[PDB]
Structure formats: structure tokens, C-alpha cells
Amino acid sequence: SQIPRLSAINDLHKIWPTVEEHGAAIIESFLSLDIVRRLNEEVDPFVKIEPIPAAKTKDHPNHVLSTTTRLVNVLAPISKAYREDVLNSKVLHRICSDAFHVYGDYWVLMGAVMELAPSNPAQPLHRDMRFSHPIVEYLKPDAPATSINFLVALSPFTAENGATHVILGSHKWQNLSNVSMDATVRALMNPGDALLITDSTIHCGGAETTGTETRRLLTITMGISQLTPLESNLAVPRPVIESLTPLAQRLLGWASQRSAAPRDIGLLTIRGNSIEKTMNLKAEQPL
């Protein structure tokens, strides 16, 4: 059984139900080729100057990613396509509101570009969030997923160049005895396609075998606003923040948040008022 593939336009209402059942789905043409081009252009130089994940110069080194991975997060200050087109994706927001309605508001836990050098080895099969949010492991096994991960191809995903592996149905597994590469299928994707998984879906980046292709992706981890993001936008210039939509501002932690509790008292509030009301935060102001 292969990963179900869905149209971002026509099959919109089926995307989250598909992931909820099978643990993965491919959203064909999630981002247009044009958004992909612009995003690639914008992040290019920052990918190039990015050192190894556990570089000695970092005070939060990432010891888990391979030395042949480059990860660049906090994309808003770096990319117009990201902070405008991506953060406002209608497809993304329908899926996220489908997925997280039982909990309340959601935001970006991390939006990162990942680039894999030629001959990058495959990752060990894993679930996300275990190196940042121990709390997730203590949730009841049937609790609705508290984060999901959009893995957006920014270049072709082939079997040959290390397209992602997923184990369909593994988001519901409790006993991990059958975890093996034998159980996986591949996410073959064109640029702009997206693989959508939950935080319980067992998956791994694939082994790059050509020795010449450089595979790149945009990973967008969306999570309930009750969970702390992996990345901070606190240092993003106010002019940039005030160029965004109110929705994009909330996704980046520049607005208060709400839970779904009937008499919700809110998150990140200030003596009963919102961040944005308190700071008189403007929105949609061109730079």
C-alpha cells in the first residue's frame, strides 16, 4: 500500500482525514512552482553559509542531524515568499484547523529549510518531537496529534536521491517491534508537493545514492499554541513583523493565542488584553 496522494484544490476536505487514518498523505502541488522558485532564491545564500548542525560556534548544537545536513530556520526575516505566501497558505490553514480544532489555536513550531548533501545517509526511523518535547511521550495513546509536519519538496524526491520513508499506520502503533525499513513506502514528489505526517508517524529521510544530487525541502511543523516552538521569532525586526497578516503574526508568536476550552482564558495575554492590542501592533504595512 502506497502513500495516498491528494489534490490540494479538489481533495482539500480529504487531506486531514486521510492523514488521521493512514498517518501520511502527499499533497500534490501544495506550493506552486513559482513560490518554490522564490523561496529557493531567498534562502540560497543562508543555506550556503550555514555550518554543521552541531557546529562549535552554536550554543544550542543539534547533535542528531547528520553532518551532511544543513538546517536553516527562522525563515520570516529571510524570505518574503515564506512569510507571505507560505504562512498564509489556505491549504495549510484548512488542514491545521481540521487537525487541531479539539485543542484550539495552532502556530509554527518550526519552519526550516533542510538541504542534504550528495550521499547523505538515511536517517534512523523515528517520530518527531522527542528531542524537544518530552511531554508528548506522556500523552495517552489515543490523544489527538498535537503537531503535524509538512515536508515540502523544494527539489525532486526520487527513490534514488533519498525520498522520505514512512510506515503507513505507524502513528497508531504502540509496540514498536515491527519497525523496520521493510515496512516503509516512499514519498516520491515533484517540487511543491508536500508529505504530511503527524508527530507519531514513523519516518526517515532516505539514503542519497546518486552521489551528485542535492535534495532540499521545507519542513513546516505546525502545533497547538499550547506547545512551545522549537524556534524563536523574538529577534525578528518589528518592521518585518508589522508587514505580515494578523494570522502570520500569530503563527510566529507575535500575538496572543486561544485554547478551545469553552471559557478559554487565553495564552500569552497581558492583564486580560492581547499582545497585539497592548503593543498596538500594526499589520500589513509594507516595508
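Each residue number is its position in the shown sequence, starting from 1.
Enquirer: Highest mean C-alpha temperature factor of the two stretches 213-221 and 152-160, which is it?
Expert: Taking the mean C-alpha B-factor of 152-160 and of 213-221, the larger value falls to 152-160.
Enquirer: Which of the two stretches, 234-242 or 254-262, shows the higher mean Cα temperature factor in the record?
Expert: It is 234-242 that shows the higher mean C-alpha B-factor.
Enquirer: Lowest, middle or highest third of the chain for the C-alpha temperature factor of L31?
Expert: Highest third of the chain for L31's C-alpha B-factor.
Enquirer: According to the PDB entry, is the CA B factor of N62 in the bottom, middle or top third of its chain, that is, lowest, middle or highest?
Expert: Within its chain, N62 is a middle-third residue by C-alpha B-factor, going by the deposited values.
Enquirer: Could you say whether, by C-alpha temperature factor, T269 belongs to the lowest, middle or highest third of its chain?
Expert: It falls in the bottom third of the chain.
Enquirer: Within this chain's modelled residues, let me know which third the CA B factor of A117 belongs to: lowest, middle or highest.
Expert: Highest third, going by the recorded CA B-factors of the chain.
Enquirer: Going by the CA temperature factor in the PDB record, which third of the chain does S89 belong to: lowest, middle or highest?
Expert: It falls in the middle third of the chain.
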